[PDB]
């Protein structure tokens, strides 16, 4: 539903090329529209990879949930400086806002990043461009599916070894929609683009 609250501002700067924010984004978004959310709204990183449409005095801006604001009460967003300025007066420090989690935000096809230190014995995966909350990430083991566990820093990790050769990953969103991503490589650090979408381009 709609949340009513307020915003402060902060910055990750240009950031780095490995992990940005508690959500470990591969990069600070090019448009610099991102946000840190309260611990309850962070929901153990379930909010990672999701977007908020935040309405303020001067308009509505779309921000990627990138980070956790431990000191933020529910309803209190810590907006990027760019998002803050798009909404109100920077020098005001705190502005009134309302926001919603975006349903099926426009974006590219799903991509997967294998975490540094991964191997067949134990691996982490980050799912990019799912658009909405992800509830399941699984790797194919023959006929079965091996369920990964959600970490609090934006990845999913394996509970036991996976087969050698290409990985087939199945991702299921909060709505029960699933994409199946075959031919993935055990290649730490690489952003592997796929041909899949949870929803078509509209």
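Residue numbers count along the first chain shown, from 1.
Item to check | Higher-B stretch (mean Cα B-factor, as the entry records it), 48-56 or 133-141 | outcome: Looking at the recorded C-alpha B-factors, 133-141 comes out higher on average.
Checklist entry - Mean C-alpha B-factor higher for 173-181, or for 33-41? => result Mean CA B-factor is higher for 173-181.
Item to check | Largest Cα B-factor, entry values, listed residues 75, 93, 108, 96 | outcome: Result of the comparison over 75, 93, 108, 96: 108.
Item to check | Lowest, middle or highest third - CA B-factor, residue 63 | outcome: Answer is lowest: the recorded C-alpha B-factor places it there.
Next on the checklist: Quick check for you: using the entry's CA B-factors within this chain, is residue 11 in the lowest, middle or highest third?
Outcome noted: Residue 11: CA B-factor falls in the middle third of its chain.
Checklist entry - Based on the entry's values, in what third of the chain does the Cα temperature factor of residue 20 lie: lowest, middle or highest? => result It falls in the middle third of the chain.
Checklist entry - Can you tell me which third, lowest, middle or highest, the CA B-factor of residue 26 falls into for its chain? => result Ranked within chain, residue 26 CA B lands in the middle tercile.
Item to check | Third assignment of residue 3 from its chain's C-alpha B-factors | outcome: Residue 3: CA B-factor falls in the lowest third of its chain.
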